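Colleague: Once you've had a glance at the structure underneath, I'll fire off some questions.
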Amino acid sequence: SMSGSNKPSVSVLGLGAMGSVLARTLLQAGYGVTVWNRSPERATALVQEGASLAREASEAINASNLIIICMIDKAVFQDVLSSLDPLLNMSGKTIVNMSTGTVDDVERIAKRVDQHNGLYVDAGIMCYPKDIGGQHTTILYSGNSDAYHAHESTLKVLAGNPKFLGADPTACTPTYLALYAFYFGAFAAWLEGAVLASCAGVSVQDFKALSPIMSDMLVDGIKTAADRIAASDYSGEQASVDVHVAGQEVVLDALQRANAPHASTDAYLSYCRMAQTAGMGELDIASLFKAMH
Amino acid sequence: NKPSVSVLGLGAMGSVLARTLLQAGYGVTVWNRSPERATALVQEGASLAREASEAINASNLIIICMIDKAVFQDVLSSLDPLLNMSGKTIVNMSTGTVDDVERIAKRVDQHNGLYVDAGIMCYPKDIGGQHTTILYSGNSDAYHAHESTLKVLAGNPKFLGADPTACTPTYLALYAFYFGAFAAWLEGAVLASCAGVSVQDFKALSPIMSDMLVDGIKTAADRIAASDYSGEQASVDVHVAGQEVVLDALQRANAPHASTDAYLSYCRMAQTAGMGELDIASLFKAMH
Ligand SMILES: NC(=O)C1=CN([C@@H]2O[C@H](COP(=O)(O)OP(=O)(O)OC[C@H]3O[C@@H](n4cnc5c(N)ncnc54)[C@H](OP(=O)(O)O)[C@@H]3O)[C@@H](O)[C@H]2O)C=CC1
Ligand SMILES: NC(=O)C1=CN([C@@H]2O[C@H](COP(=O)(O)OP(=O)(O)OC[C@H]3O[C@@H](n4cnc5c(N)ncnc54)[C@H](OP(=O)(O)O)[C@@H]3O)[C@@H](O)[C@H]2O)C=CC1
């Protein structure tokens, strides 16, 4: 392939907000990078910094033995595969798909890559572009173990704290989507609180300064609730579901009187009421897991 | 030479406030509507008051931890008007509305008491913790006079100002965040479980997202302060396209998706307002 500082070639397909930064990060670490994007405008800055732009997705695939996909979704990578010569030889090449998509997409893609004699790793980026290259940054991976481990050092340029979740190409997606269900539900909750605080004359900077109290409590609460769910041990001596409900009905009242949105609080109260309906009123809040299952 | 403290309300939280004070060598007088709950505290050296009145009379620091502020207002209302609270600081750690706080502060004033409203930012197991927070607002002189005593309950107190009503909105805003986030975690843990991921394995991965959220809060708060919603990190539209895949996974697992629906409703608010291309922090402007 070649190098420069004796590093192998990598290809990046998709140069949006995330893909462009994957390419730049590899270039800056001394990797040869071939890029491809549906629209060529996005490649100009990368080309000026030493990337090669491929005219066709096929040429980007041909250029490297490590092919990183970061398009809007897995479905559009299926369309890219469909426009390849069916006999394009991907022997010795590892496709790493970092695009958001369904387990059905992953299954279809793994099959098509296998038909080309390629190796397939599914992946999920657990950060915003600004944190790519971070020692603490996580990308999730699942699929061909030999292929992942062969490219592990290269992929570590993008994220210093990767997690290999197992050999099943479909393992990454459900975990990835579950962690982002948590992340964005929690981020909406934070906004919902920041808006209530603001309505009471607490600046967003002052609410930011207090937020770690609750981030620390949530780190501990997740540990606590996970250990209880593992043990099916929902004894209510810390706090009952019923007391959680009485308290959060006061939070709702405050949101309604502030004319602040309360969709996140409505969601939590609905899960509480599920648990009460199931006779879990006296139990620990961890019992919501069983009521929700 | 430690002073007397009184605790009224010996439920899950109040019992531990009383126990923590006893164990630190404070004289503690307890009261509870039902006497069964006082037995464990009497085992550990507490004096039991027959009436709420006597618990208030017993000490110059009176800590309330009843189900809500409304029932403490009812206890106050049934006191003899000649009960004298001169030199006494009432600290109300019960969840309640700003209207409850206003009524209680008035009644305490009528008895010549000093009033501090408070909000406990932990479960009972974390009471006594050096990093544990209780929020306080109201009489500054009274709070600071009792600050050493109250520190034995929580080593990281926050005094939020002299207005007795200051604590409640911040307290409720932080719990809006905490329980919305906890429901989101449960929503994810159930999805993972439906795909055969053990709750212990989901617990082990959760810090990835807790760390990302600590950074996301800082980032979003700085953008909201600056009204700077430039979309170069990720657009609302890309957030929506991604979370519609999360929603699909929940629907196909027949798993609940109310927390995801709430986030997507805020996203759709922002899109409708023409913020599709902006940073996710723009949801604040769409919401407020
Ligand atoms: N940005 C972020 O913070 C994060 C992003 N992700 C995930 O990474 C992926 C990419 O996100 P991001 O860079 O923000 O998205 P952008 O919208 O910035 O980029 C989308 C990319 O997909 C390409 N694309 C869209 N439609 C097609 C198509 N039909 N054929 C070929 N290429 C197409 C775009 O090409 P063009 O330039 O021609 O439009 C562009 O390269 C998503 O799946 C996202 O969920 C993961 C975590 C964080
Ligand atoms: N547990 C926790 O983790 C946390 C609790 N809190 C707050 O602290 C408060 C107490 O919670 P918690 O200890 O869990 O609740 P519990 O239900 O365990 O205790 C409630 C207490 O209120 C008393 N009570 C109820 N009705 C009356 C009444 N009419 N007159 C007098 N006393 C009455 C009960 O007396 P009786 O024993 O006779 O029923 C009991 O002492 C709530 O406002 C809650 O939101 C805040 C932070 C965390």
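Residue numbering restarts at 1 in every chain; chains get A, B, ... in the order shown in the structure tokens, and ligands count up from 1 in that same order.
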With only C-alpha atoms and all ligand atoms counted, collect every polymer residue having an atom within 7 Å of ligand 1; state the result as JSON, numbers by chain.

Modeller: {"A": [14, 15, 16, 17, 18, 19, 37, 38, 39, 42, 70, 71, 72, 73, 76, 77, 80, 98, 99, 100, 101, 124, 125, 126, 127, 128, 129], "B": [233, 234, 235, 238, 239, 242]}

Colleague: With a distance cut-off of 7 Å and only C-alpha atoms, select the neighbouring residues of residue 208 of chain A, excluding the residue or stretch itself and same-chain residues fewer than 6 positions from it, and output the selection as a list in words.

Modeller: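 The residues that qualify are residues 217, 218 and 221 of chain B.
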
Colleague: Taking only C-alpha atoms and all ligand atoms into account, list the residues no farther than 8 Å from ligand 2, as JSON, numbers by chain.

Modeller: {"A": [237, 238, 239, 240, 242, 243, 244, 246, 247], "B": [8, 9, 10, 11, 12, 13, 14, 15, 32, 33, 34, 35, 36, 37, 65, 66, 67, 68, 69, 71, 72, 74, 75, 93, 94, 95, 96, 119, 120, 121, 122, 123, 124]}

Colleague: Using DSSP on the backbone coordinates, identify all residues within segment 50-267 of chain B classified as helix (DSSP H, G or I); present the result as a ChimeraX atom specification.

Modeller: /B:52-58,69-77,98-110,124-126,140-145,147-151,167-194,199-226,236-252,258-267

Colleague: Show which residues sit within 7 Å of segment 191-205 of chain A, as a ChimeraX atom specification. Count only C-alpha atoms, and ignore same-chain residues fewer than 6 positions away.

Modeller: /A:255,258,260-262 /B:169-170,173-174,176-177,221,225,284,288

Colleague: Could you write those residues out with N, CA and C atoms, as a short mmCIF file (atom, residue, chain, number, x, y, z; two decimals), in the first residue's frame?

Modeller:
data_model
loop_
_atom_site.label_atom_id
_atom_site.label_comp_id
_atom_site.auth_asym_id
_atom_site.auth_seq_id
_atom_site.Cartn_x
_atom_site.Cartn_y
_atom_site.Cartn_z
N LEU A 255 -42.90 22.13 36.60
CA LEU A 255 -42.73 22.28 35.13
C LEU A 255 -43.99 22.92 34.54
N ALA A 258 -44.22 26.59 35.38
CA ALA A 258 -43.18 27.32 34.62
C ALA A 258 -43.51 27.35 33.13
N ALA A 260 -42.80 25.04 31.28
CA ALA A 260 -41.65 24.31 30.73
C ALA A 260 -42.17 22.97 30.20
N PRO A 261 -41.57 22.43 29.13
CA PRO A 261 -41.90 21.08 28.67
C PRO A 261 -41.55 20.02 29.72
N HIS A 262 -42.31 18.92 29.72
CA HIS A 262 -42.25 17.86 30.75
C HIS A 262 -42.43 16.47 30.15
N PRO B 169 -37.01 25.29 43.34
CA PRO B 169 -36.96 25.16 41.88
C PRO B 169 -35.68 24.48 41.38
N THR B 170 -34.55 24.77 42.00
CA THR B 170 -33.26 24.16 41.61
C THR B 170 -33.31 22.66 41.94
N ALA B 173 -35.56 20.96 39.50
CA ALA B 173 -34.91 20.97 38.16
C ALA B 173 -33.84 19.87 38.10
N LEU B 174 -33.02 19.75 39.15
CA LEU B 174 -31.98 18.71 39.17
C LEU B 174 -32.61 17.30 39.22
N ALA B 176 -35.62 16.64 37.93
CA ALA B 176 -36.20 16.49 36.58
C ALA B 176 -35.15 15.83 35.69
N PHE B 177 -33.92 16.34 35.75
CA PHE B 177 -32.77 15.80 35.02
C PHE B 177 -32.52 14.38 35.50
N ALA B 221 -24.32 23.64 27.56
CA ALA B 221 -24.49 24.80 28.46
C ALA B 221 -23.68 25.98 27.90
N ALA B 225 -25.39 29.45 26.58
CA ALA B 225 -24.90 30.72 27.17
C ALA B 225 -24.50 31.68 26.04
N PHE B 284 -32.84 23.60 23.41
CA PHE B 284 -33.11 24.50 24.56
C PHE B 284 -33.94 25.69 24.08
N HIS B 288 -37.66 26.41 25.32
CA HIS B 288 -37.90 27.47 26.32
C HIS B 288 -38.76 28.58 25.68
#

Colleague: Would you pick out the contacts of residue 137 of chain B at 8 Å or less, using only C-alpha atoms, so that residues sharing its chain but fewer than 2 positions from it are not included, and give the list as an MDAnalysis selection string?

Modeller: chainID B and resid 116:118 135 139:140 159:167

Colleague: Can you list, as a list in words, every protein, DNA or RNA residue that comes within 7 Å of residue 180 of chain B when you count only C-alpha atoms, leaving out same-chain residues fewer than 4 positions away?

Modeller: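 The filter keeps residues 185, 186, 189, 264, 265 and 268 of chain A; 176 and 184 of chain B.
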
Colleague: Between A:252, A:292, A:103, A:2, which is the closest to residue 177 of chain A once you count only C-alpha atoms?

Modeller: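 Closest residue, counting only C-alpha atoms: A:103.
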
Colleague: Calculate how many Å separate atom CA of residue 63 of chain B from atom CA of residue 251 of chain A, rounding to one decimal.

Modeller: 22.2 Å

Colleague: Can you tell me, as an NGL selection string, what residues are no more than 9 Å from residue 56 of chain A when counting only C-alpha atoms, ignoring any on the same chain fewer than 3 positions away?

Modeller: :A and (36-38 or 53 or 59-61)

Colleague: What gap, in Å, lies between atom CA of residue 30 of chain B and atom CA of residue 84 of chain B?

Modeller: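 The value is 18.7 Å.
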